[PDB]
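S.K.: Sharing run.txt here; it has compact mmCIF, C-alpha atoms and all ligand atoms.
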# COMPACT_ATOMS: atom_id res chain seq x y z
CA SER A 27 0.00 0.00 0.00
CA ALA A 28 0.91 3.70 -0.06
CA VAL A 29 1.61 3.60 3.68
CA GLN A 30 3.82 0.58 2.97
CA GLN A 31 5.77 2.59 0.39
CA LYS A 32 6.36 5.37 2.89
CA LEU A 33 7.36 3.12 5.77
CA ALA A 34 9.83 1.25 3.55
CA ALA A 35 11.34 4.54 2.38
CA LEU A 36 11.66 5.79 5.95
CA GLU A 37 13.41 2.55 6.89
CA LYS A 38 15.79 2.75 3.93
CA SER A 39 16.68 6.36 4.72
CA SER A 40 17.25 5.46 8.40
CA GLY A 41 19.78 2.71 7.63
CA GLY A 42 18.18 0.42 10.23
CA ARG A 43 15.37 -2.10 10.71
CA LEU A 44 11.88 -0.75 11.43
CA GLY A 45 8.90 -2.64 12.86
CA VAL A 46 5.41 -1.13 12.97
CA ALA A 47 2.04 -2.47 14.07
CA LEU A 48 -1.08 -0.33 14.23
CA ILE A 49 -4.53 -1.44 15.36
CA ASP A 50 -7.29 1.06 14.63
CA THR A 51 -10.10 0.12 17.02
CA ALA A 52 -12.66 2.13 15.02
CA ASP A 53 -12.82 -0.74 12.51
CA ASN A 54 -10.17 -3.30 13.61
CA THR A 55 -7.96 -2.45 10.63
CA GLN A 56 -4.19 -2.83 10.85
CA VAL A 57 -1.00 -1.49 9.34
CA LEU A 59 1.96 -3.85 9.63
CA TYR A 60 5.59 -3.42 8.62
CA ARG A 61 7.94 -6.25 9.62
CA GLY A 62 5.06 -7.00 11.96
CA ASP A 63 6.10 -10.62 12.52
CA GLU A 64 9.84 -10.03 13.02
CA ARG A 65 11.28 -10.12 16.51
CA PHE A 66 12.75 -6.93 17.97
CA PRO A 67 14.44 -6.30 21.33
CA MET A 68 11.83 -4.74 23.62
CA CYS A 69 14.23 -2.98 26.04
CA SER A 70 12.22 -0.78 28.46
CA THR A 71 8.92 -1.41 26.64
CA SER A 72 8.87 -4.80 28.42
CA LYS A 73 8.09 -2.88 31.63
CA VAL A 74 4.46 -2.66 30.52
CA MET A 75 4.10 -6.46 30.71
CA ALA A 76 5.78 -6.59 34.13
CA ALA A 77 3.63 -3.82 35.63
CA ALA A 78 0.51 -5.42 34.12
CA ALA A 79 1.47 -8.79 35.63
CA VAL A 80 1.74 -7.26 39.12
CA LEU A 81 -1.61 -5.53 38.56
CA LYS A 82 -3.12 -8.91 37.73
CA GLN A 83 -1.66 -10.40 40.94
CA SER A 84 -3.25 -7.54 42.91
CA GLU A 85 -6.70 -8.65 41.69
CA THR A 86 -6.49 -11.51 44.21
CA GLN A 87 -3.78 -10.28 46.66
CA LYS A 88 -5.84 -7.21 47.38
CA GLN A 89 -3.21 -5.24 49.34
CA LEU A 90 -0.23 -6.28 47.20
CA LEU A 91 0.31 -2.84 45.65
CA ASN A 92 0.84 -1.25 49.06
CA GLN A 93 3.40 -3.78 50.32
CA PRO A 94 6.79 -2.21 51.10
CA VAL A 95 9.83 -3.45 49.19
CA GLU A 96 13.37 -2.90 50.44
CA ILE A 97 15.73 -0.91 48.22
CA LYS A 98 19.38 -1.64 49.00
CA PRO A 99 22.43 0.19 47.61
CA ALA A 100 23.47 -3.05 45.90
CA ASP A 101 20.16 -3.15 44.00
CA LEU A 102 20.97 -0.07 41.94
CA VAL A 103 21.76 -0.73 38.28
CA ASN A 104 22.41 1.59 35.32
CA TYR A 105 19.45 4.01 35.48
CA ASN A 106 17.65 4.49 38.80
CA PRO A 107 16.27 8.07 39.06
CA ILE A 108 13.59 7.14 41.62
CA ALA A 109 15.05 4.15 43.43
CA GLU A 110 18.30 5.97 44.20
CA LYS A 111 16.28 8.41 46.32
CA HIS A 112 14.91 5.51 48.42
CA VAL A 113 18.01 3.37 49.00
CA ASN A 114 18.20 2.09 52.58
CA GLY A 115 14.43 2.45 52.70
CA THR A 116 11.38 1.04 50.96
CA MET A 117 8.98 1.68 48.12
CA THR A 118 5.64 0.02 47.56
CA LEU A 119 4.86 -2.10 44.52
CA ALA A 120 2.54 0.66 43.28
CA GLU A 121 5.38 3.18 43.60
CA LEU A 122 7.77 0.78 41.85
CA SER A 123 5.27 0.29 39.03
CA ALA A 124 4.90 4.04 38.51
CA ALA A 125 8.67 4.51 38.68
CA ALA A 126 9.22 1.76 36.09
CA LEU A 127 6.54 3.03 33.72
CA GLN A 128 6.73 6.81 34.01
CA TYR A 129 10.44 7.36 34.75
CA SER A 130 11.77 4.11 33.24
CA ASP A 131 13.57 3.23 36.47
CA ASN A 132 15.49 -0.03 35.91
CA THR A 133 15.83 -0.87 39.60
CA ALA A 134 12.06 -0.57 39.89
CA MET A 135 11.68 -2.93 36.91
CA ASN A 136 13.93 -5.47 38.65
CA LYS A 137 11.67 -5.32 41.72
CA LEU A 138 8.63 -6.04 39.53
CA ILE A 139 10.46 -8.98 37.96
CA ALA A 140 11.44 -10.32 41.39
CA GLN A 141 7.85 -10.07 42.67
CA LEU A 142 6.83 -12.24 39.70
CA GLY A 143 9.51 -14.86 40.44
CA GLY A 144 11.99 -13.85 37.75
CA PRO A 145 11.76 -13.05 34.04
CA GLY A 146 9.88 -16.30 33.40
CA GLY A 147 7.08 -15.00 35.60
CA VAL A 148 6.60 -12.08 33.22
CA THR A 149 6.50 -14.50 30.27
CA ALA A 150 4.01 -16.68 32.16
CA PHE A 151 1.68 -13.71 32.54
CA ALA A 152 1.98 -13.01 28.80
CA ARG A 153 0.97 -16.61 28.08
CA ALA A 154 -1.96 -16.32 30.51
CA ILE A 155 -3.39 -13.37 28.53
CA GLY A 156 -2.91 -15.12 25.19
CA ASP A 157 0.43 -13.67 24.06
CA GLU A 158 2.43 -16.64 22.78
CA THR A 159 5.25 -14.51 21.27
CA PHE A 160 6.58 -12.24 24.05
CA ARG A 161 9.51 -13.54 26.04
CA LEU A 162 11.44 -12.00 28.93
CA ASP A 163 14.66 -13.83 29.67
CA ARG A 164 16.90 -11.46 31.63
CA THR A 165 16.77 -8.76 34.28
CA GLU A 166 17.95 -5.14 33.97
CA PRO A 167 20.36 -4.09 32.55
CA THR A 168 21.26 -7.14 30.40
CA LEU A 169 17.82 -7.37 28.78
CA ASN A 170 18.89 -4.37 26.63
CA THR A 171 21.80 -5.98 24.74
CA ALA A 172 19.69 -6.05 21.54
CA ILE A 173 22.05 -8.43 19.74
CA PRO A 174 20.93 -9.11 16.14
CA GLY A 175 19.38 -12.57 15.81
CA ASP A 176 19.14 -13.09 19.59
CA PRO A 177 15.54 -14.05 20.52
CA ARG A 178 15.93 -13.23 24.22
CA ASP A 179 13.82 -10.35 25.52
CA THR A 180 12.04 -9.90 22.18
CA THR A 181 8.56 -9.77 20.76
CA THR A 182 7.01 -8.90 17.43
CA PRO A 183 5.18 -5.64 16.67
CA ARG A 184 1.97 -7.53 15.84
CA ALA A 185 1.99 -9.43 19.12
CA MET A 186 2.84 -6.41 21.26
CA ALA A 187 0.11 -4.27 19.67
CA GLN A 188 -2.48 -7.01 20.27
CA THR A 189 -1.35 -7.38 23.89
CA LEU A 190 -1.28 -3.62 24.56
CA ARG A 191 -4.83 -3.43 23.20
CA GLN A 192 -6.02 -6.26 25.47
CA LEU A 193 -4.31 -4.68 28.50
CA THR A 194 -5.46 -1.07 28.00
CA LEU A 195 -8.75 -1.34 26.06
CA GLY A 196 -9.84 -4.97 26.52
CA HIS A 197 -10.30 -7.28 29.46
CA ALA A 198 -6.94 -8.90 30.18
CA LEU A 199 -7.03 -6.95 33.47
CA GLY A 200 -9.86 -6.14 35.83
CA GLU A 201 -11.58 -2.78 35.43
CA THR A 202 -9.72 -0.89 38.19
CA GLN A 203 -6.39 -2.39 37.15
CA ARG A 204 -6.87 -1.50 33.47
CA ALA A 205 -7.65 2.05 34.54
CA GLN A 206 -4.51 2.16 36.69
CA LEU A 207 -2.34 0.96 33.82
CA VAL A 208 -3.83 3.58 31.49
CA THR A 209 -3.31 6.31 34.11
CA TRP A 210 0.35 5.33 34.45
CA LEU A 211 0.94 5.28 30.68
CA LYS A 212 -0.78 8.66 30.23
CA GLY A 213 1.58 10.12 32.84
CA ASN A 214 4.77 8.95 31.16
CA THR A 215 7.55 11.54 31.28
CA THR A 216 9.80 10.13 28.53
CA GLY A 217 7.61 10.10 25.44
CA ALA A 218 7.37 13.53 23.83
CA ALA A 219 10.09 12.90 21.20
CA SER A 220 8.79 9.50 20.06
CA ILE A 221 5.32 8.45 18.78
CA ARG A 222 3.76 11.58 20.37
CA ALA A 223 5.98 13.86 18.27
CA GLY A 224 4.46 12.51 15.05
CA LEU A 225 0.83 13.02 16.06
CA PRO A 226 -1.52 16.01 16.20
CA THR A 227 -1.07 17.88 19.48
CA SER A 228 -4.79 17.54 20.30
CA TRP A 229 -4.55 13.75 20.53
CA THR A 230 -4.13 12.02 23.89
CA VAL A 231 -1.30 9.50 24.21
CA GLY A 232 -0.22 6.99 26.81
CA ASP A 233 3.09 5.33 25.95
CA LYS A 234 6.22 3.53 27.10
CA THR A 235 9.57 4.15 25.39
CA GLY A 236 12.67 1.99 25.29
CA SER A 237 16.24 2.08 24.13
CA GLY A 238 19.26 -0.14 24.09
CA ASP A 240 22.40 -1.16 22.29
CA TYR A 241 22.50 -1.28 18.48
CA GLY A 242 20.82 2.12 18.57
CA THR A 243 17.57 0.42 19.54
CA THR A 244 14.81 3.00 19.85
CA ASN A 245 11.27 1.85 20.72
CA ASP A 246 7.85 3.17 21.71
CA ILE A 247 4.49 1.51 22.32
CA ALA A 248 1.40 3.65 22.66
CA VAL A 249 -2.34 3.84 23.08
CA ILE A 250 -3.70 6.90 21.29
CA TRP A 251 -7.05 8.67 21.63
CA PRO A 252 -7.46 10.87 18.54
CA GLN A 254 -9.91 13.74 18.64
CA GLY A 255 -13.39 12.55 17.74
CA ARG A 256 -12.66 8.89 17.02
CA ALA A 257 -11.92 5.50 18.56
CA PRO A 258 -8.48 4.73 20.02
CA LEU A 259 -5.49 3.36 18.18
CA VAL A 260 -2.71 1.11 19.42
CA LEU A 261 0.70 1.69 17.84
CA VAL A 262 4.01 -0.14 18.29
CA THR A 263 7.15 1.28 16.66
CA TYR A 264 10.37 -0.69 17.12
CA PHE A 265 13.70 0.30 15.54
CA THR A 266 17.21 -1.15 15.66
CA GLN A 267 20.43 -0.51 13.76
CA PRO A 268 23.52 -2.40 12.49
CA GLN A 269 26.21 -0.81 14.68
CA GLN A 270 26.41 -1.77 18.36
CA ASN A 271 27.22 1.84 19.34
CA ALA A 272 24.62 3.49 17.08
CA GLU A 273 22.91 6.64 18.32
CA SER A 274 19.22 6.73 19.23
CA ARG A 275 16.73 7.71 16.50
CA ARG A 276 13.52 8.83 18.21
CA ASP A 277 12.82 10.92 15.07
CA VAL A 278 12.31 7.67 13.13
CA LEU A 279 9.54 6.63 15.53
CA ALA A 280 7.92 10.06 15.23
CA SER A 281 8.18 9.84 11.42
CA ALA A 282 6.55 6.40 11.42
CA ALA A 283 3.69 7.66 13.60
CA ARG A 284 3.28 10.68 11.31
CA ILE A 285 2.98 8.41 8.27
CA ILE A 286 0.41 6.32 10.13
CA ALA A 287 -1.62 9.37 11.16
CA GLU A 288 -1.68 10.71 7.59
CA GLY A 289 -2.92 7.38 6.20
CA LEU A 290 -6.01 7.30 8.42
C1 LIG B 301 14.79 1.10 28.74
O1 LIG B 301 14.75 0.86 27.55
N1 LIG B 301 15.82 1.68 29.37
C2 LIG B 301 15.70 2.20 30.73
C3 LIG B 301 15.80 3.71 30.51
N2 LIG B 301 14.70 3.89 29.55
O2 LIG B 301 14.58 5.27 29.16
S1 LIG B 301 13.71 5.35 27.79
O3 LIG B 301 12.57 4.49 28.00
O4 LIG B 301 13.42 6.76 27.81
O5 LIG B 301 14.60 4.93 26.74
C4 LIG B 301 17.18 4.06 29.96
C5 LIG B 301 17.40 3.38 28.61
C6 LIG B 301 17.09 1.89 28.65
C7 LIG B 301 18.26 1.04 29.21
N3 LIG B 301 19.23 0.76 28.35
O6 LIG B 301 18.29 0.67 30.37
Re-express the file's structure as structure tokens.
Ligand SMILES: *C(=O)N1C[C@H](NOS(=O)(=O)O)CC[C@H]1C(N)=O
M.R.:
Amino acid sequence: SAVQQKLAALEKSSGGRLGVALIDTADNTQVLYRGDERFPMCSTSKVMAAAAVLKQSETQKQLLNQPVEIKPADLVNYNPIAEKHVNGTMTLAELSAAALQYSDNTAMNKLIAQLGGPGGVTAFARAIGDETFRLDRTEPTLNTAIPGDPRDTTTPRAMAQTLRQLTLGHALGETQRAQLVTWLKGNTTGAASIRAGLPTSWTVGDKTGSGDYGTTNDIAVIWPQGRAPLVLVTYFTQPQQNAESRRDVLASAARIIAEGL
């Protein structure tokens, strides 16, 4: 299609590998580009981990308010919130917000630990019907983004379907879905990514990610003015291990998608 032409040209100009999956919930139409190829999720995997803890809280009713110890040795490579609470505690709700809205990697490791390790995140994915997602490692090694390595990857098609079920469908209970959407809408890291390619009047909740090989990712739920929501995944990775981030490529992909509606 014409959108296919434009996405391919954007990819060729970028020098990297671009993966796009859109679901338009107005009519269940889709736009897919490399939609069945695996890409390293990096920090976008935090959505699955926070959602899995939310699901646990449906039956452990006070789980989100349980204190979790933060030790100096727990700090990893990017810990803007957890570093303020070392030698103290944060609750699982606070850790979820830190992971999602500030992309705190120590907070993500606490979510993973609550779930019993990376396999617990994968098990939640399987429980909600996602047979493609896999989490294999903790932070920071889940971000190595090595070409051909299936660890810590998913496909754009699978992640868009799962993000729709989590934020607009019934994979979570009503209050928990609302909490996840509230957290995504309050993200601090997203203005240069999918959001930058969309009309300013549209409402976006998103989670970004980045890693080695210049990996630059964003996954979003979008409420355009006057119409039903969209779900958009944009994943991007590059040939050189030390490549620079390319958030502009994600914005350009979203802009192409928004024009083609
Ligand atoms: C997640 O991809 N990471 C944690 C933090 N995320 O910030 S981003 O979502 O704005 O990219 C830093 C980058 C990355 C990592 N390598 O840990």
S.K.: Please identify every polymer residue within 8 Å of ligand LIG 301 (chain B), using all atoms listed in the file, and present the set as a PyMOL selection string.
M.R.: chain A and resi 68-71+104-105+129-132+166-167+170+216-217+234-238+240+244-246
S.K.: Which residues are close to segment 91-101 of chain A, i.e. within 9 Å by all atoms listed in the file, leaving aside same-chain residues fewer than 5 positions away? Reply as a list in words.
M.R.: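 Skipping anything fewer than 5 positions along the chain leaves residues 80, 81, 84, 109, 110, 112, 113, 114, 115, 116, 117, 118, 119, 120, 121, 122, 123, 133, 136 and 137 of chain A.
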S.K.: Need the neighbours of (1.6, 5.4, 24.6): which residues are at most 7 Å away, counting only C-alpha atoms, as an mmCIF file with C-alpha atoms, in the frame of the given file?
M.R.:
data_model
loop_
_atom_site.group_PDB
_atom_site.id
_atom_site.type_symbol
_atom_site.label_atom_id
_atom_site.label_comp_id
_atom_site.auth_asym_id
_atom_site.auth_seq_id
_atom_site.Cartn_x
_atom_site.Cartn_y
_atom_site.Cartn_z
ATOM 1 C CA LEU A 211 0.940 5.280 30.680
ATOM 2 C CA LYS A 212 -0.780 8.660 30.230
ATOM 3 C CA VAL A 231 -1.300 9.500 24.210
ATOM 4 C CA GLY A 232 -0.220 6.990 26.810
ATOM 5 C CA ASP A 233 3.090 5.330 25.950
ATOM 6 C CA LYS A 234 6.220 3.530 27.100
ATOM 7 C CA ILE A 247 4.490 1.510 22.320
ATOM 8 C CA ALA A 248 1.400 3.650 22.660
ATOM 9 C CA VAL A 249 -2.340 3.840 23.080
ATOM 10 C CA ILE A 250 -3.700 6.900 21.290
#
S.K.: Would you work out the distance separating atom CA of residue 173 of chain A from atom CA of residue 43 of chain A, expressed in Å to one decimal?
M.R.: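 Interatomic distance, atom CA of residue 173 of chain A to atom CA of residue 43 of chain A: 12.9 Å.
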S.K.: Return as JSON lines the residues of segment 194-248 of chain A lying at most 7 Å from segment 267-273 of chain A, together with the closest atom-to-atom pair for each and the distance in Å to one decimal, counting only C-alpha atoms, with rows in chain order and ascending residue number.
M.R.:
{"residue": "A:240", "atom": "CA", "partner": "A:270", "partner_atom": "CA", "distance": 5.6}
{"residue": "A:241", "atom": "CA", "partner": "A:270", "partner_atom": "CA", "distance": 3.9}
{"residue": "A:242", "atom": "CA", "partner": "A:272", "partner_atom": "CA", "distance": 4.3}
{"residue": "A:243", "atom": "CA", "partner": "A:267", "partner_atom": "CA", "distance": 6.5}
S.K.: Using all atoms listed in the file, determine which residues lie at most 9 Å from segment 186-202 of chain A, disregarding the query and same-chain residues fewer than 5 positions distant; provide the list as a PyMOL selection string.
M.R.: chain A and resi 47-49+51+74-75+78-79+81-82+85+152+154-157+159-160+181+207-208+247-249+258-262
S.K.: Please, could you write that set of residues out with C-alpha atoms as a compact mmCIF listing (two decimals), keeping the file's coordinate frame?
M.R.:
# COMPACT_ATOMS: atom_id res chain seq x y z
CA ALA A 47 2.04 -2.47 14.07
CA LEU A 48 -1.08 -0.33 14.23
CA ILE A 49 -4.53 -1.44 15.36
CA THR A 51 -10.10 0.12 17.02
CA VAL A 74 4.46 -2.66 30.52
CA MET A 75 4.10 -6.46 30.71
CA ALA A 78 0.51 -5.42 34.12
CA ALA A 79 1.47 -8.79 35.63
CA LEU A 81 -1.61 -5.53 38.56
CA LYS A 82 -3.12 -8.91 37.73
CA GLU A 85 -6.70 -8.65 41.69
CA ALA A 152 1.98 -13.01 28.80
CA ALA A 154 -1.96 -16.32 30.51
CA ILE A 155 -3.39 -13.37 28.53
CA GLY A 156 -2.91 -15.12 25.19
CA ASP A 157 0.43 -13.67 24.06
CA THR A 159 5.25 -14.51 21.27
CA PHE A 160 6.58 -12.24 24.05
CA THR A 181 8.56 -9.77 20.76
CA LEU A 207 -2.34 0.96 33.82
CA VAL A 208 -3.83 3.58 31.49
CA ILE A 247 4.49 1.51 22.32
CA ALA A 248 1.40 3.65 22.66
CA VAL A 249 -2.34 3.84 23.08
CA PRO A 258 -8.48 4.73 20.02
CA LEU A 259 -5.49 3.36 18.18
CA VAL A 260 -2.71 1.11 19.42
CA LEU A 261 0.70 1.69 17.84
CA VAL A 262 4.01 -0.14 18.29
S.K.: Rounded to one decimal, what separation in Å do you get between atom CA of residue 279 of chain A and atom CA of residue 256 of chain A?
M.R.: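 Atom-to-atom, atom CA of residue 279 of chain A and atom CA of residue 256 of chain A are spaced 22.4 Å apart.
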S.K.: Hey, can you check how far atom CA of residue 177 of chain A sits from atom CA of residue 266 of chain A?
M.R.: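 Atom CA of residue 177 of chain A sits 13.9 Å away from atom CA of residue 266 of chain A.
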S.K.: So that I can see what lies close to segment 218-224 of chain A, please list as a ChimeraX atom specification the residues with an atom at most 6 Å from it, counting only C-alpha atoms and leaving out residues fewer than 6 positions away in the same chain.
M.R.: /A:276,279-281,283-284
S.K.: Edge lengths and centre, in Å to one decimal, as lines of an AutoDock Vina configuration file: that's what I need for the box along x, y and z that holds all listed atoms of segment 216-226 of chain A plus 6 Å on each side.
M.R.:
center_x = 4.3
center_y = 12.2
center_z = 21.8
size_x = 23.6
size_y = 19.6
size_z = 25.5
S.K.: Point out the residue among A:52, A:139, A:287, A:29 with the least atom-to-atom distance to residue 151 of chain A, counting only C-alpha atoms.
M.R.: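 Of all the options, A:139 lies closest to residue 151 of chain A.
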S.K.: Rank nothing, just name the residue among A:128, A:76, A:67, A:203 nearest to residue 168 of chain A, using all atoms listed in the file.
M.R.: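 Using all atoms listed in the file, residue 168 of chain A sits closest to A:67.
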S.K.: For residue 127 of chain A, which residue out of A:27, A:164, A:73, A:285 is the nearest one, using all atoms listed in the file?
M.R.: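 Smallest distance to residue 127 of chain A is found for A:73.
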S.K.: So, counting all atoms listed in the file, which residue among A:60, A:66, A:265, A:210 is closest to residue 126 of chain A?
M.R.: A:210
S.K.: In terms of the shortest atom-to-atom distance over only C-alpha atoms, which of A:225, A:42, A:148, A:87 is closest to residue 286 of chain A?
M.R.: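 Smallest separation from residue 286 of chain A among the options: A:225.
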S.K.: Please complete segment 52-73 of chain A so it has N, CA and C atoms, and hand it over as a CSV table (one decimal), in the coordinates of the input.
M.R.:
chain,number,residue,atom,x,y,z
A,52,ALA,N,-11.4,1.7,15.7
A,52,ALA,CA,-12.7,2.1,15.0
A,52,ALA,C,-13.2,1.0,14.1
A,53,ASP,N,-12.4,0.2,13.5
A,53,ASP,CA,-12.8,-0.7,12.5
A,53,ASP,C,-12.0,-2.0,12.5
A,54,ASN,N,-11.0,-2.1,13.5
A,54,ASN,CA,-10.2,-3.3,13.6
A,54,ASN,C,-9.2,-3.5,12.4
A,55,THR,N,-9.0,-2.4,11.7
A,55,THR,CA,-8.0,-2.4,10.6
A,55,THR,C,-6.6,-2.4,11.2
A,56,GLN,N,-5.6,-2.8,10.4
A,56,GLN,CA,-4.2,-2.8,10.8
A,56,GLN,C,-3.3,-2.3,9.8
A,57,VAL,N,-2.1,-1.8,10.2
A,57,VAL,CA,-1.0,-1.5,9.3
A,57,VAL,C,0.2,-2.2,10.0
A,59,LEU,N,0.9,-3.0,9.2
A,59,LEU,CA,2.0,-3.8,9.6
A,59,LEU,C,3.2,-3.7,8.7
A,60,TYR,N,4.3,-3.5,9.3
A,60,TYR,CA,5.6,-3.4,8.6
A,60,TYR,C,6.6,-4.2,9.4
A,61,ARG,N,7.1,-5.3,8.9
A,61,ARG,CA,7.9,-6.2,9.6
A,61,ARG,C,7.2,-6.7,10.9
A,62,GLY,N,5.9,-6.8,10.8
A,62,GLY,CA,5.1,-7.0,12.0
A,62,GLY,C,5.3,-8.3,12.6
A,63,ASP,N,5.9,-9.3,12.0
A,63,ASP,CA,6.1,-10.6,12.5
A,63,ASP,C,7.6,-10.9,12.8
A,64,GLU,N,8.4,-9.9,12.6
A,64,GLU,CA,9.8,-10.0,13.0
A,64,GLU,C,10.0,-9.7,14.5
A,65,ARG,N,11.0,-10.4,15.1
A,65,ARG,CA,11.3,-10.1,16.5
A,65,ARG,C,12.2,-8.9,16.6
A,66,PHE,N,12.0,-8.1,17.6
A,66,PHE,CA,12.8,-6.9,18.0
A,66,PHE,C,13.0,-6.9,19.5
A,67,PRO,N,14.2,-6.4,19.9
A,67,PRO,CA,14.4,-6.3,21.3
A,67,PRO,C,13.5,-5.3,21.9
A,68,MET,N,12.8,-5.7,23.0
A,68,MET,CA,11.8,-4.7,23.6
A,68,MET,C,12.5,-3.6,24.5
A,69,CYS,N,13.6,-3.9,25.1
A,69,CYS,CA,14.2,-3.0,26.0
A,69,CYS,C,13.2,-2.5,27.1
A,70,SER,N,13.1,-1.2,27.4
A,70,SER,CA,12.2,-0.8,28.5
A,70,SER,C,10.7,-0.9,28.2
A,71,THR,N,10.3,-1.2,26.9
A,71,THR,CA,8.9,-1.4,26.6
A,71,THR,C,8.4,-2.7,27.3
A,72,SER,N,9.3,-3.6,27.7
A,72,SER,CA,8.9,-4.8,28.4
A,72,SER,C,8.3,-4.5,29.8
A,73,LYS,N,8.6,-3.3,30.3
A,73,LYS,CA,8.1,-2.9,31.6
A,73,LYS,C,6.6,-2.8,31.7
